[PDB]
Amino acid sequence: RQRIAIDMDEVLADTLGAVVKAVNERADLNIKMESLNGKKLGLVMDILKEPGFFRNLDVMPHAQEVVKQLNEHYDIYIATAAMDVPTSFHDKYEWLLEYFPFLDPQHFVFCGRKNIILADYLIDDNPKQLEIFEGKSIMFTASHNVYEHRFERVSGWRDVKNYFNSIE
């Protein structure tokens, strides 16, 4: 029975959509999502560090239904940065409890470098974690990584379900 580790930001949670929305509201801009392809987005840091920010994020389309399915055959762990935005440790945990209530809360791990994670698969948007992970790395598409080619790529949660269906 194999183990899949899943990153939170830009994979399970729509962290980028939330930041852009807040920036557009506050600084009165019209940043389009497309314009961030291959790129990374002061006010932003302050948006990310506001209490509740990680609590209020949207779930990525189809992520709940797909992860609930994968959980029938795979052990699921959720992995996320701790020292990135220290003050949001609790909000992230509470978001996972709200939106992924069917997962064992003991399977939530906070770490920097995900090479410490013992699992067969890692679903992550960050190439820097995909390159160091010691299982099979699966790259979840995000605007910043659209020009990366080294890793097996999945664009969305339906793509995730299809990948796992193909190796079973």
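Residue numbers here begin at 1 and follow the sequence given.
Counting the deposited residues that fall between residue 116 and residue 117 and carry no coordinates gives zero.
The mean C-alpha temperature factor is higher for 83-91 when 70-78 and 83-91 are set side by side. Averaged over Cα atoms, the B-factor as recorded in the entry is higher for 31-39 than for the other of 31-39 and 122-130. Residue 26 sits in the highest third of its chain by CA B factor, as recorded in the PDB entry.
The PDB entry assigns residue 141 a C-alpha temperature factor belonging to the lowest third of its chain's modelled residues. In the PDB entry, residue 63 places in the lowest third of its chain by CA B-factor.
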